[PDB]
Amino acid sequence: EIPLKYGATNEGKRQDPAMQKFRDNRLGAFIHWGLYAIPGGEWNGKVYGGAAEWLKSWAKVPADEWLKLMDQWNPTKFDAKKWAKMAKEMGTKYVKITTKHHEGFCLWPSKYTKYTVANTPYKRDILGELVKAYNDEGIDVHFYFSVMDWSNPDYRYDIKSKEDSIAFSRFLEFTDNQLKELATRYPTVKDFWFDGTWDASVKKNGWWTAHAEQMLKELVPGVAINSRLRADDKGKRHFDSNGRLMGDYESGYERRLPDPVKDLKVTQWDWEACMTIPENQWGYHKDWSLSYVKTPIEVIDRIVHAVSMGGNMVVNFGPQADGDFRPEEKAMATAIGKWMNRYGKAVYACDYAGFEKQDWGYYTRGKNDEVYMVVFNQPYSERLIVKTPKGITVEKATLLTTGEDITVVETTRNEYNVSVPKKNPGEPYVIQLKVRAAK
């Protein structure tokens, strides 16, 4: 029953309204945009297969030379209002934006470094333009922030000396300054999502992670903070040494999801997953033929999977250098938007339904105990098996899009066959159930 100065703060799930908005939004978009977009995974004529946003590392490019990309930063096709429209048509309720990635190039005009959008030909405050344009569409804005900063030479991977420690104490002050800046320049921000916090330098400074959290919560009432920021007194990340969750939500499900049968533990806390369309590219990469690229249905599957287990899902986009989105990403957004427009009552504001997982798809639970069946795999039996928890019965089934009644046949105690629709919808679809519990 260990004691800790810098362990978890929250008891269970926050239930203030700002957290309930964060939760109910459910579907978000991730935007990775930075100087990495200019080379697009290619350096000096070699096209590297690793994540484009890490090209500085793959091509062993020194800071001085990487940051020279600033001279070419001039996204002439950028139009914040077009971006916001695209997110709206997709059905995303929030957008997480890279304020600064590992490269350390800031999308806002920070006063604390020269490596900022202000010292580029384009000059303009990209981040401020986005915040406004998204907020105008009713879309919340969350800030991605990489603690690790390859542009500031006070950054340390580990504290192996007193020089190291001196430099790093400066780096944490600088980092604190940037965060204060963001919180106060853009007070509509709803979340900070920290990355690049894995180094020993940070593990060794748990106290700072807890400070940063309290600090930001002071400045921004109701702001959410991800688990990835946090390390405890002992250097345990995400969950403290008593296995209690730090920060407001778990953020480890990056390009993977919890198992619907074996990882039901996640339903006990808030969490958010993120994903990429190709296998592993967050920033813009010029050649998507190098790894598997997910289809829209494969992405929709994963969104629903997340909500079915009580989590949010954030789908990544990596805009081009010119400020536009590539065709594959435009098609993806449109496809997701069409499907959400039709079936979104099963996603927005939904949660874990407490039913045993079946092979046809996922269940989600509405705000008023609606139970939705989201069908991805159509059984040749024409029967969708539904097994109810103790005390629950199924009074009715309805096809969400048409309101047509759907036959429900009891097969055994606590189990039914729900018929498929008379006409095959030809896409993943939703059947809504009315259920009754016992007093």
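Numbers for residues come from their place in the sequence shown, where the first is 1. Basically, rigid core = biggest C-alpha set you can superpose within 1.5 Å across the two forms.
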{"query": "Stretch with greater C-alpha deviation in 8 other deposited structures of this protein, 161-169 versus 302-310 (rigid core superposition)", "finding": "161-169"}
{"query": "In 8 other deposited structures of this protein, rigid core aligned: more displaced of 253-261 and 123-131 by C-alpha RMS", "finding": "253-261"}
{"query": "299-307 versus 169-177 - which carries the larger mean C-alpha B factor in the record", "finding": "169-177"}
{"query": "Higher-B stretch (mean Cα B-factor, as the entry records it), 237-245 or 183-191", "finding": "237-245"}
{"query": "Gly354, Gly91, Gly206, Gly361, ranked by C-alpha B-factor: the highest one", "finding": "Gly206"}
{"query": "Largest Cα B-factor, entry values, listed residues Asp369, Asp140, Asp263, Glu272", "finding": "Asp369"}
{"query": "Chain-wide C-alpha B factor ranking for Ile225, given as lowest, middle or highest third", "finding": "middle"}
{"query": "Chain third (lowest, middle, highest) by recorded CA B-factor, residue given as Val131", "finding": "lowest"}
{"query": "Record-listed C-alpha B factor of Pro421: chain third", "finding": "highest"}
{"query": "Within-chain third of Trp54 by Cα B-factor, per the entry", "finding": "middle"}
{"query": "Ranked C-alpha temperature factor of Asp154 among modelled chain residues, by third", "finding": "middle"}
